[PDB]
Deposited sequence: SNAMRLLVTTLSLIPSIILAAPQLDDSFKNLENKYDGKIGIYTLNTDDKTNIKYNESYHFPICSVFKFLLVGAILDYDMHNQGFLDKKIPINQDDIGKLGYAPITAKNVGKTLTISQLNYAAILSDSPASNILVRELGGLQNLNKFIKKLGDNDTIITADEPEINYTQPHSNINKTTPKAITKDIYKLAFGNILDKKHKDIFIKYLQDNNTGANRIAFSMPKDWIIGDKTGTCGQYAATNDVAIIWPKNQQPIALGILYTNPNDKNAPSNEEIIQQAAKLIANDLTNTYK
């Protein structure tokens, strides 16, 4: 019946919705591949934190922000205010989680490139996520290729493992969690449907094609242990279809209702 409800959303809006939750189990199309879009930025920040663990002091390292870092990238809320100055790696992490594109490309470079990122993703246990570019090329996919795509299961296990698992230590988990909680781009996605006393941190993704609209979250239900929730949406049949936040809202509400029933 949760299944029936998710199917109704697909009928209503076209395309495919993918859902996975992880407890300390609601799932739908959890092994279907969806454009990852900007969601990759939380994997990147995870990789940076792991790097810091192996390279003490890295988070405090000062990075020059140059005009060519910005380039023709339009969404640069933090980096654009710092051209000709420097930002620490940690400040760039914050920016990346807030979806700052130049910040993300800088981090990929300072990590040592995409090969290192993909190595880290494999270390997480994720063999479904395939990243072959940074911003903005990461946003371009093809319907039948898994390049630059992930699955609800893989990406949701990833965020849970990073925030609560055994790859980052306590100090670095707490930092990761705080970045996600500071994010402001998902107000109209999962957060929109959570009870107001539930705490959430999240990373969104919006490709600008194939209606690709994502939100992957950690949620602390009142008086319960934290859970992870990934909701991915795409219409592989319409390259020009615009993003759709409402379907995420409705899927998240179904889930919130079910969880509340569970905890009751």
Point out each run of deposited residues with no C-alpha coordinates, keeping the order of the sequence.
1-22, 47-50
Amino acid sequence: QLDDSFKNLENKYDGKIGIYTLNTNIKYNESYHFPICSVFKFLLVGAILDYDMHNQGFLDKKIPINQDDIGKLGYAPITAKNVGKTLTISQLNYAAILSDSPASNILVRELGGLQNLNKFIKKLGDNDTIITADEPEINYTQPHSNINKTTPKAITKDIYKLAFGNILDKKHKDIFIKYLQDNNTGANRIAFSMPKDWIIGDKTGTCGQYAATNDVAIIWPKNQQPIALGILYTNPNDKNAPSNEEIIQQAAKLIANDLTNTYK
From here on, numbers count along this sequence of modelled residues.
Higher avg CA temperature factor (84-92 vs 190-198, as deposited) belongs to 190-198
Greater mean Cα temperature factor according to the PDB record, 29-37 or 57-65
57-65
Among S99, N148, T156, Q115, where is the Cα B factor highest in this entry?
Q115
Selection from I177, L73, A133, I106 [criterion: highest C-alpha temperature factor in the record]:
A133
Name the third of the chain's ranked CA B-factors that contains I78, choosing lowest, middle or highest.
lowest
Determine, from the deposited record, the chain-internal third of the Cα B-factor for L111: lowest, middle or highest.
highest
According to the PDB entry, is the CA B factor of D238 in the bottom, middle or top third of its chain, that is, lowest, middle or highest?
highest
So where's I17 on the chain's Cα temperature factor ranking, which third?
lowest
Please place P221 in the lowest, middle or highest third of its chain according to the CA B-factor in the PDB entry.
highest
